[PDB]
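**Q** Once you've seen the sequence and the experimental structure below, I've got questions.
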Amino acid sequence: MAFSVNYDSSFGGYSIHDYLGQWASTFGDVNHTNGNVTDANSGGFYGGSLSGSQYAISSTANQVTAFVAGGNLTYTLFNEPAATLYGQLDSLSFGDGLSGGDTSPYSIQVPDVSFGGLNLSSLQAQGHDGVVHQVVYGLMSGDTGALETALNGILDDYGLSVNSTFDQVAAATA
Ligand code: HEM
Ligand SMILES: [Zn+2]
Ligand SMILES: [Zn+2]
Ligand SMILES: [Zn+2]
Ligand SMILES: [Zn+2]
Ligand SMILES: [Zn+2]
Ligand SMILES: [Zn+2]
Ligand SMILES: [Zn+2]
């Protein structure tokens, strides 16, 4: 599992960039900035108040659209590097309807699209500009830039990019 995709068949013909743009447009922007944080726009880990096996959040614009990152995600709320998600990211899953996350895993009710085998490490020395911090925080802000750049990294070894279809990426993994 040095990479894999799964997807609702409706997206076979979407480029990765096109699905992510659709996803970001309706997810919106959680607005995780100063003066504006809440219970509502923070997310949560599965397996701890602050560290865990997956981090997940729902859109505060439509209550529904969501993602879940999953690998080995420690955080540092007030710790040495102030407010910076570090660790290990293996998977991103996008879609509608986040449930669970307490004594069960975070699970998406209506999955769209899912990447596994990302192999992306940032250690807590690298702060609020590590890499998993930049991806995840990016996603929390409706900004897929950081995820699309990393994906092109993974995908260009297969002679593809995020501007190729899901069916196409599927073919190149087997
Ligand atoms: C792992 C996912 C998380 C990421 C990537 C993240 C990242 C950030 C970033 C980049 C800021 C910068 C604020 C700014 O400059 O405007 C921030 C603020 C903040 N975050 Fe997080 N955070 C995460 C999880 C959490 C969690 C679980 C909490 C707990 C409720 C939390 C509480 C806060 C607080 C209290 C602030 C500053 C509030 C203020 O000064 O007004 N964060 N976060
Ligand atoms: Zn469908
Ligand atoms: Zn914003
Ligand atoms: Zn959707
Ligand atoms: Zn939808
Ligand atoms: Zn959908
Ligand atoms: Zn950007
Ligand atoms: Zn490469």
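**A** Yep, that arrived. Numbers count the residues shown, from 1 in each chain. Ligands and ions are numbered 1, 2, ... in the order given.
**Q** Alongside ligand 7, which residues does the chain contribute?
**A** Residues of the chain lying close to ligand 7 by Cβ under 5 Å from the ion are 143, 145. No exception for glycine: its C-beta is placed from N, CA and C like everyone else's.
**Q** Show me the helices in the chain, by range?
**A** For the chain, the helices defined by DSSP state H occupy 16-27, 132-140, 145-156, 166-171.
**Q** Those helices: which one's closest to residue 126?
**A** Nearest of the helices of the chain to residue 126, taken as Cβ to Cβ: helix 132-140 at 7.8 Å.
**Q** can you give me how far the closest one is from the chain middle?
**A** Mean-position distance between helix 132-140 and its chain equals 7 Å (Cα atoms, centre = their mean, to the nearest Å).
**Q** Show me what it is packed against.
**A** Packing contacts for helix 132-140, counted by 3 or more Cβ pairs under 8 Å, 6 or more residues apart in numbering; DSSP states H and E, involve strand 65-74, strand 86-99, strand 107-122, helix 145-156.
**Q** The same query, at a cut-off of 7 Å, please.
**A** strand 86-99, strand 107-122, helix 145-156 (3 or more Cβ pairs under 7 Å, 6 or more residues apart in numbering; DSSP states H and E).
**Q** In CSV, could you pull the C-alpha coordinates for it?
**A** Extracted in CSV, the C-alpha atoms of helix 132-140 (Å, rounded to 0.1, in the frame of the first residue of the first chain):
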residue,chain,number,x,y,z
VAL,A,132,0.7,16.9,7.2
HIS,A,133,0.0,20.2,9.1
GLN,A,134,-0.1,22.1,5.7
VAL,A,135,-2.4,19.4,4.1
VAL,A,136,-4.9,18.9,6.9
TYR,A,137,-5.0,22.5,8.0
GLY,A,138,-5.4,23.4,4.3
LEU,A,139,-8.3,21.0,4.0
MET,A,140,-9.9,22.6,7.1
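**Q** relative to helix 16-27, how tilted is that helix?
**A** 60 degrees (axes from the mean of the first three to the mean of the last three Cα atoms, to 10 degrees).
**Q** Helix 132-140 near ligand 1 at all?
**A** Yes: using Cβ under 6 Å from any ligand atom, we find that helix 132-140 touches ligand 1 at 133, 136, 137.
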